Each structure stands twice: as C-alpha cells, then as structure tokens.
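Quick notes on the structure that follows.
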RNA sequence: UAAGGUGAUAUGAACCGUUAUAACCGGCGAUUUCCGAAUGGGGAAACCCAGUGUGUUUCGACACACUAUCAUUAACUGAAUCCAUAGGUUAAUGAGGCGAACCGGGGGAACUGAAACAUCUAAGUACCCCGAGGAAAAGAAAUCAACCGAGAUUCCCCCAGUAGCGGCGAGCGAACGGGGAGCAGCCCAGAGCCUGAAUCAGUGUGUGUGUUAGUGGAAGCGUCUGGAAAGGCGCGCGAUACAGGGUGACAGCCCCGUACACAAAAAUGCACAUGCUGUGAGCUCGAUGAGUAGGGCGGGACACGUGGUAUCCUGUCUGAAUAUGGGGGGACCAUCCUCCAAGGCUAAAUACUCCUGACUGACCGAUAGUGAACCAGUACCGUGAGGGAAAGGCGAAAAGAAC
RNA sequence: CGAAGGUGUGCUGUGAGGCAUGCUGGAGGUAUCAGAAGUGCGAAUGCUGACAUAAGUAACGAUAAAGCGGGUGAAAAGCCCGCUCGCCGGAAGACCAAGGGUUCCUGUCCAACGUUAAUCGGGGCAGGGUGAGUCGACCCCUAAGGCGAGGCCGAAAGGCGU
Ligand SMILES: [Mg+2]
Ligand SMILES: [Mg+2]
Ligand SMILES: [Mg+2]
Ligand SMILES: [Mg+2]
Ligand SMILES: [Mg+2]
Ligand SMILES: [Mg+2]
Ligand SMILES: [Mg+2]
Ligand SMILES: [Mg+2]
Ligand SMILES: [Mg+2]
Ligand SMILES: [Mg+2]
Ligand SMILES: [Mg+2]
Ligand SMILES: [Mg+2]
Ligand SMILES: [Mg+2]
Ligand SMILES: [Mg+2]
Ligand SMILES: [Mg+2]
Ligand SMILES: [Mg+2]
Ligand SMILES: [Mg+2]
Ligand SMILES: [Mg+2]
Ligand SMILES: [Mg+2]
Ligand SMILES: [Mg+2]
Ligand SMILES: [Mg+2]
Ligand SMILES: [Mg+2]
Ligand SMILES: [Mg+2]
Ligand SMILES: [Mg+2]
Ligand SMILES: [Mg+2]
Ligand SMILES: [Mg+2]
Ligand SMILES: [Mg+2]
Ligand SMILES: [Mg+2]
Ligand SMILES: [Mg+2]
Ligand SMILES: [Mg+2]
Ligand SMILES: [Mg+2]
Ligand SMILES: [Mg+2]
Ligand SMILES: [Mg+2]
Ligand SMILES: [Mg+2]
Ligand SMILES: [Mg+2]
Ligand SMILES: [Mg+2]
Ligand SMILES: [Mg+2]
Ligand SMILES: [Mg+2]
Ligand SMILES: [Mg+2]
Ligand SMILES: [Mg+2]
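Protein chains in written order, with the entry's author numbering: chain DY, 2 to 78; chain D3, 1 to 46; chain DZ, 2 to 63; chain DU, 1 to 93; chain DV, 2 to 103.
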C-alpha cells in the first residue's frame, strides 16, 4: 500500500473545490519513493518505501534510530 | 420452446453450493444472513 | 451394578465387555427374527456396556 | 484386519423375503442387514466367527430408504446395507 | 410433597359421588386420581378383530381431580387435610384436625 | 427429592420402583460420529485420498495418534559471498471462526429541502470496512476566566433557538456563566541512598454473602338450586398469607401457591482477611517529549460556508526558541493575566440488550398481537441473492357413540 | 331462577340511540359520575375471506378408429382375457447420457388426484426389488479455467500471481 514505512503517512481524502465551490471527493497521496539506505552497522543496504518527509526524518535521526522504531513496531525490513 | 432453466448439478454446486459461498467474504455473508433468518437449507445439498 | 463393576480389574472388565457385546449381538438376532418376548433386555445390556466402558475410562487415565 | 468388538456390531439382522428364501435354497446364500459402513472383508470375517460357517463370497448393495409425505411435511426412512453372503457347498447354520 | 397417595382411603368432596369413600388406585401426573368405585363411566368399547374380541359396554373408574377428594380421617369419620412435619429424620403426613401422624 | 416411573404425537408392549443406585431436579465428571474456522492434502459441505509413528494367542489390511497457515520465542541447520545475512527443519506458546445492540476508528451516497438548481441541505445520515470492552471513548490544563477567580474527563438541566454562520436563502446553531449526577488521581523521559515499604495482576486457603436444586408454610361446615357449587342462605374460623392460578358455575379456609421462616455435597460471582510468584514505596540531587511549535500551498475540522477569522488536524514544501524560554486570551500590536505542547496510564456518574430470573401494564386477543398462539422462516415461489402464507376453541370428563 | 353475543317484538328519544321482553345461547356483564382513545365506513380500479353472475353455457388437448364375445365388479364404451380392425415403424421401436428420484414389481384400496365412469393408474396404503477385480465413478494424467505458501500491489475489504 501507499504507506510511508517511517512516518506512517498514507493517502488521505478531501475535496477538489472548484471556483463555483463544487466539492468532488479526491485523495492526497504521500510523496513515496523506494530508496536503498546504506546501513553501516549491518554492512548491507536496506530498501524502504519512504515519503520525502520520512527521508528528512532519517537525515535527522539516523537510519539506525529509524530502523530500531521499525523493529519495536514489529515491522520487518 | 427452450426454457430458461436447464439443469446441471455440477454447475448448480459450482455456482451456488456451500463451498462457493465459503470461498468469498460476500458468500459467507449470504450464509450468515440465512443462518440468522433460521433457514432449514442454507444451500442446495445432497 | 456400577459399585460391583468398580471392584473388578481392567482385565476382568474387558472380559465382561466382550460378554455383554456377545449378548447384545444374540439379543439383536432374536429381536430381528421376532423371537424376543422380553424387549426390555436390549436397554439393560446396552446400559451395562455403557457402565463397563465408563469404568474402564475412569481406571485408564485417573 | 479384524477385532471381535467390531465383528459383533457389523451383522444387524437376517433379511426375510421370497428372494432371500430362494437365494438360500438355490444358491446357499444368506441375505443380511449389515452396518452401513461394513466392508465385504468385515461381513466375511463376522459371518465366519459368529455363525461358524465357511464363506465363499460377499456381495453388497445400499438400499435407499423410501420417502412418505404426511400432508405438507416429508418423512424419510433410513438407507441400509444389504449383504448376499454365499456359503460354500457344505451347508449348516 | 404429595398429600394424597396410592392406597389412601379418601372421601369425595365434589361431583356426583360427593360423600362417598374409596381407596386410591392410582395417582396421575395430571393432578388426577382413580379411586375405587368412584366416577364410574359405561364406555362403548369397539370390537378389536386382532383378539377376535367383540364389542361391549364396559363400566370403569374415570379419573377425578385430586383437589376433589380429601384424606379420610377414619378416627373422626370426617374429611381432613394433610400437613407435613419431620418425625425422626423422616418426613411424615399428619391430619390437621387432630394433629395425628398417618 | 421420592411413591411413583421408562420426553411428545401415542396407544400398546416388555419392564423399573415404593425408605432408598425407580424416576425427576441441581453441581461436577465421562462419552461426544461426520460436515462446518475445519486445521494432513483434496473437494460439488456432511465426501475422496495420504504421509509418519504405533498395535496385531491373525503382526497382510483395518483400528488409534500426530502432520494446516501465520505470529513471537528457542534449538539444530544453512546460499549468492570470507564472515555474516537470507533461506531450511523442528519444538513451545498464541491467534484464526461465530454472534444482539451499544462503542472507537477507515471510507462514505442519493432521493429529498432550497417550492427549479449548481454554493448550501439531506448528513458525516444509509451503507461498506477494521477493531475492542463490559462498557467503549475521553481524561488530570501549553483549559477557561477577566485583574475577582475557577480547577481533569464523562453525563443531565439551563443559558437559548440567544450570539453567530448562511445563494445572510432554505436552513445550520454555539460558548461564557449558573444548577446538578459523579468525583481520584498517577507514572516514564535516571541516578544515588535505604531496599522488597504503598498499589496492581495471576493465584492457594479462610470467612461473610450472592447464584446454580430445595424445606416448612394458617384457617369450613350445614342448607338451597343445579349435571356439577366456588353461587344464594345460615353460622364459624385464618390473615405479617384476601398476589395469582387451578378445581364440573364466581373459593381467604379443596389443591398449587402467597406473607413469613429456612436450606447445599458440589461448582461459581463479588467483597474483605491471609499465603505465594512477579511488580515497586519513601527521600535527596537531577532531568522536563524537535523534523516538533511556527510558516507557504491544497484540503478538512471547529455552530463559524475564507470572511476582518483566532483555534485544531495535515497531503505537499519548509522550520524555531529552550523557563532571562514558550503557548493561549477569536485578525494584529503593546500591557497584563493565565497556562506549560510535541510521552503514557486511570474508577465513577454515561450508552446498550442475543440471553437468565422475578415482577408490572387504562398493551393485543386469532384479518389483532411477532411473519409464526398451531412441527413457520415451514409449505410454496425463485438459478440465486431473496420472497414467504394459510391454519386456534367437542365436552367437566372421551364418558369420542357397544349393539 | 340464565351474562355477553345472535334473532324477534313492544315502548320511548328530534336523532345518533335507550329501556323492557319472547326465542336462541351458556359465563360472563356492568349503573352512575369521571378518565383515556387503535371510537363509528358504501365507495379509495381499497385489503383479506366467503358467496353470487354469466351457466349447467364454453370446453374435455392433435380427425391414428374402432367392433364384438367372455370375465371381474355394487356398477364396465374405457380395466383383464380372446378374435378382428386401424396407426407408427431413421419411430410413435430399442438403448445411453443429462435431469428426476421409487415413478419400478406384487398385493390391497378409490375419498381427493385422473378434464368422464373407473373394478384401472405414474393416485392412497403395505411389502418387496438395485448383488461387479475386468460397466461407470472414485483413482493416475492433464485442457480452458479456478485456487494459490511465500511474493507483488492496493485506504480497509481486496486485486494479481510463483
Ligand atoms: Mg462375485
Ligand atoms: Mg456394488
Ligand atoms: Mg413444600
Ligand atoms: Mg481444507
Ligand atoms: Mg481435512
Ligand atoms: Mg490430492
Ligand atoms: Mg558462507
Ligand atoms: Mg475473532
Ligand atoms: Mg428542490
Ligand atoms: Mg470481548
Ligand atoms: Mg478505556
Ligand atoms: Mg491569580
Ligand atoms: Mg442540535
Ligand atoms: Mg457546572
Ligand atoms: Mg457533590
Ligand atoms: Mg397451605
Ligand atoms: Mg357452566
Ligand atoms: Mg513539556
Ligand atoms: Mg499548536
Ligand atoms: Mg467585509
Ligand atoms: Mg482579545
Ligand atoms: Mg501529556
Ligand atoms: Mg428477560
Ligand atoms: Mg397473525
Ligand atoms: Mg373468532
Ligand atoms: Mg365486551
Ligand atoms: Mg350491555
Ligand atoms: Mg366518559
Ligand atoms: Mg363493509
Ligand atoms: Mg362516502
Ligand atoms: Mg349464452
Ligand atoms: Mg351453444
Ligand atoms: Mg360443445
Ligand atoms: Mg360410483
Ligand atoms: Mg409414491
Ligand atoms: Mg407400475
Ligand atoms: Mg373421477
Ligand atoms: Mg402407485
Ligand atoms: Mg498469501
Ligand atoms: Mg490468484
């Protein structure tokens, strides 16, 4: 599914509002990308389905910190 | 002339049988409704 | 019965069970040929088999 | 292959009729009601131990119980197994 | 718990046989009793070929409501009522009028 | 608990029992085919076919046990590729499926209303989906207030159809404050000192008490009519019992009850007391939740439709300060007041009824009341989802009509 | 020593109605003054049931066709036996499959069913009847297609697939 493995960001629903204020149901999808992260501690690359926001979270916290959250959640990588 | 009901037990069971109902979520809902109604026959069987 | 059968051993109860099952067979043959006047005997034999089997069960895993 | 407890429960009743009488007189065959789940091997062994006679061959069929209508509601008699137990030339019972 | 029992001498309180006495022959689960010489009927019994049995008008006791009979207190010659008490480790019946065990 | 019994149509047959293994009622056990989550594999449900391990005064074939998937944990094993990791096998433990309503969450209509219709309405309704509990959710202030003060959450009554929102149409519709039900507060973001010190859960025992069988339970007779008396008439009696039902017509005193008084071998609920395993109390010195708050863009939520619009959530792009600090007080600024976000837990008052027991009704009484008083979710119809009836009353007693 | 209800009659009220009483019925009814409403039917091509009408009318289902003798029986055009006559014969015969499910055979019965009578029946009731190593199924093998450990994908449900 279109779910960020880091933040949990998923498709949300809302409306397209026209100039005439006609509401039509829509979705806002997360900016998802499958990215290979180098994990020094495991001497292996880990491919995660992450939003650009989640990628910034990994830049701040570090991949080991983020992967530890995934283990605690039971979420495999 | 040729009428709409042309029998076949194999096609009867494959299309409406117990196992066919059990195979999908919506078919298990058919069985659940029929059980709540208190139906004697849930499906056509042997 | 039930108290009298409880005193018997596992080997003894297995013998009585075989005897009751032989009697059950002979009574069924007698009933089926229309030769059994005492219809009540079938229920007595059937419930004795039940008593023997119940006691064998409480002696095997207790 | 066998067990006495099983053999004692396998034979249910002699079946009486004109066909059963003629099968005995002409072919030395006894007609029985046997347990529904009884196999030809079980019926052979049970007749040999309990009736003390030698069995040549066992033939079996399943009889479908008749349905009777009682107004709007139906009744159904039980299906049962019939055995044609042929005994060897030397006849006893 | 039952106030009227098989073999008791009872007196009829209600019906065609009011005042008459008789022995309880059987007590039925319906709350009815058969009492000897009481509530007689003359049934037109149909013939049964399976006996080669002919038909016949048969006189028999018909069941009477148990509430329609009273325990007969022979000692007082009167209809009585039953009470219950424990004498020894056993429950007993007693006549309400004279407090005597049955 | 008992003098009667072997459920019904439903007799009859053969029997069981009467002072205590007849039956009947309740507690705990045993047995519990096959299908069904169905779980050894398969499958057109109730069937077809196996592997492995065991048994055979007969060690052929049958009987019996185990063998599904996934998750966590452990042991053995083990690639590309040296280590490693993946993978593989086995074992332990758990899950799965079903089912009323209430409950939290993910999605989410339209008819309709606007006397047309698109903003708006219907309505976060119907429905679909996920999950949970006896309740759920919420919850101990970055909350209000107004310079006086209040002190978590939930629910009820007001405030008030007010202030507002609104093609300022149709409609939508607060809060502040007041009266009430109920009330309870805690822990982590860490170390030391003293150590198992408050609490909570699992669970042995003990007592109280509740449930699942039960026990006792007052007092009326004569006469008349009548097929029959409970009715009329006469005279009695009980009542902490004249609730109600039955009995050949309407019974306080005939029967079952009712008021009142009692009872458990066994299992179980709730309390306290107490044993045990695990958890930690108190004190001192600290620490104080960052891709967060804030912002731009698009939406959504707030009674509040972008409006002069504060507050909340966030799909996208960004991005602080650090108690000499930060949030809020409905654009915004100053002053002042008030609170301390980015961690978590928590009972009550609140919502509901598939079911169990007791009781009640100016509710129905067979075209009514359930669709169904009755063998009804049946018969019947339809490929199917599904739809879905009609149908109660002899008599007090079958004495159901011998001949 | 006769309630409600039903069916008559008499009196009474402006009327909706009321009272009395004969007969039927067989156990319930309720003054008065208040109280509450599922409170009044001729219509809605109203709803359910019952019963008329047309009318003893149409029809009795292929125009292949019957006749007679004897029988059984309460009754015979129709059933049984017999002799003829006629019809089909690439079927209107025989055998499979599918589908049905006892309709099969024997005895017995005739209400209803059978477009008539019915002694007859695929109708009622009872009993009987289906016997496999080599006929079919199961079984081994695959087709289209289905399902599908892991997996890939998707708000959830799910979709696809090794
Ligand atoms: Mg053979
Ligand atoms: Mg066969
Ligand atoms: Mg008592
Ligand atoms: Mg399976
Ligand atoms: Mg299986
Ligand atoms: Mg297979
Ligand atoms: Mg290696
Ligand atoms: Mg579940
Ligand atoms: Mg409109
Ligand atoms: Mg639960
Ligand atoms: Mg909670
Ligand atoms: Mg202050
Ligand atoms: Mg409102
Ligand atoms: Mg208040
Ligand atoms: Mg208070
Ligand atoms: Mg009493
Ligand atoms: Mg009467
Ligand atoms: Mg903080
Ligand atoms: Mg904020
Ligand atoms: Mg303006
Ligand atoms: Mg201000
Ligand atoms: Mg907090
Ligand atoms: Mg209840
Ligand atoms: Mg009804
Ligand atoms: Mg009526
Ligand atoms: Mg009335
Ligand atoms: Mg009246
Ligand atoms: Mg009035
Ligand atoms: Mg009318
Ligand atoms: Mg009119
Ligand atoms: Mg005409
Ligand atoms: Mg004419
Ligand atoms: Mg004509
Ligand atoms: Mg006639
Ligand atoms: Mg038939
Ligand atoms: Mg025939
Ligand atoms: Mg006819
Ligand atoms: Mg027939
Ligand atoms: Mg899978
Ligand atoms: Mg697939």
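All C-beta atoms in this analysis are idealised placements derived from N, C-alpha and C, irrespective of residue type, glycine included.
Name the chain DU residues whose beta carbon is nearer than 9 angstroms to that of residue i?
| i | result |
| --- | --- |
| residue 19 (chain DZ) | 4, 5 and 8 |
Counting only Cβ pairs nearer than 9 angstroms, list the residues of chain DZ close to residue i.
| i | result |
| --- | --- |
| residue 13 (chain DU) | 29, 30, 32, 33 and 34 |
| residue 87 (chain DU) | Neighbours of residue 87 (chain DU) on chain DZ: none; closest Cβ ~17 angstroms, over 9 angstroms. |
Helix, strand or coil: how does DSSP classify residue i here?
| i | result |
| --- | --- |
| residue 9 (chain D3) | helix |
| residue 32 (chain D3) | helix |
| residue 15 (chain DY) | strand |
| residue 13 (chain DU) | strand |
| residue 44 (chain DU) | helix |
| residue 60 (chain DV) | strand |
| residue 61 (chain DU) | strand |
| residue 17 (chain DZ) | helix |
| residue 36 (chain DY) | strand |
| residue 8 (chain DY) | coil |
| residue 45 (chain DV) | strand |
| residue 34 (chain DZ) | coil |
Alpha carbons only, please: which of the options is nearest the one belonging to residue i?
| i | options | result |
| --- | --- | --- |
| residue 47 (chain DV) | 37 (chain DV), 58 (chain DV) and 39 (chain DV) | 58 (chain DV) |
| residue 82 (chain DV) | 49 (chain DV), 103 (chain DV) and 16 (chain DV) | 103 (chain DV) |
| residue 3 (chain DY) | 38 (chain DY), 19 (chain DY), 33 (chain DY) and 47 (chain DY) | 33 (chain DY) |
| residue 100 (chain DV) | 91 (chain DV), 74 (chain DV), 90 (chain DV) and 52 (chain DV) | 74 (chain DV) |
| residue 65 (chain DY) | 53 (chain DY), 52 (chain DY), 46 (chain DY) and 54 (chain DY) | 46 (chain DY) |
| residue 87 (chain DU) | 25 (chain DU), 36 (chain DU) and 75 (chain DU) | 25 (chain DU) |
| residue 82 (chain DU) | 2 (chain DU), 48 (chain DU), 68 (chain DU) and 40 (chain DU) | 40 (chain DU) |
| residue 19 (chain DZ) | 7 (chain DU), 44 (chain DU) and 63 (chain DU) | 7 (chain DU) |
| residue 16 (chain DV) | 24 (chain DV), 68 (chain DV) and 27 (chain DV) | 68 (chain DV) |
| residue 48 (chain DZ) | 31 (chain DZ), 21 (chain DZ), 38 (chain DZ) and 34 (chain DZ) | 21 (chain DZ) |
| residue 38 (chain DV) | 50 (chain DV), 24 (chain DV), 45 (chain DV) and 49 (chain DV) | 24 (chain DV) |
Could you work out which residues of chain DU lie near residue i, taking near to mean beta carbons separated by less than 8 angstroms?
| i | result |
| --- | --- |
| residue 23 (chain DZ) | 8 |
Kindly indicate if chain DZ contains any beta-carbon less than 9 angstroms away from that of residue i.
| i | result |
| --- | --- |
| residue 50 (chain DU) | yes |
| residue 81 (chain DU) | no |
| residue 66 (chain DU) | no |
| residue 33 (chain DU) | yes |
Ligand 1 and residue i: does the residue's C-beta get closer than 8 angstroms to at least one heavy atom of that ligand?
| i | result |
| --- | --- |
| residue 31 (chain DU) | no |
| residue 85 (chain DU) | no |
| residue 59 (chain DU) | yes |
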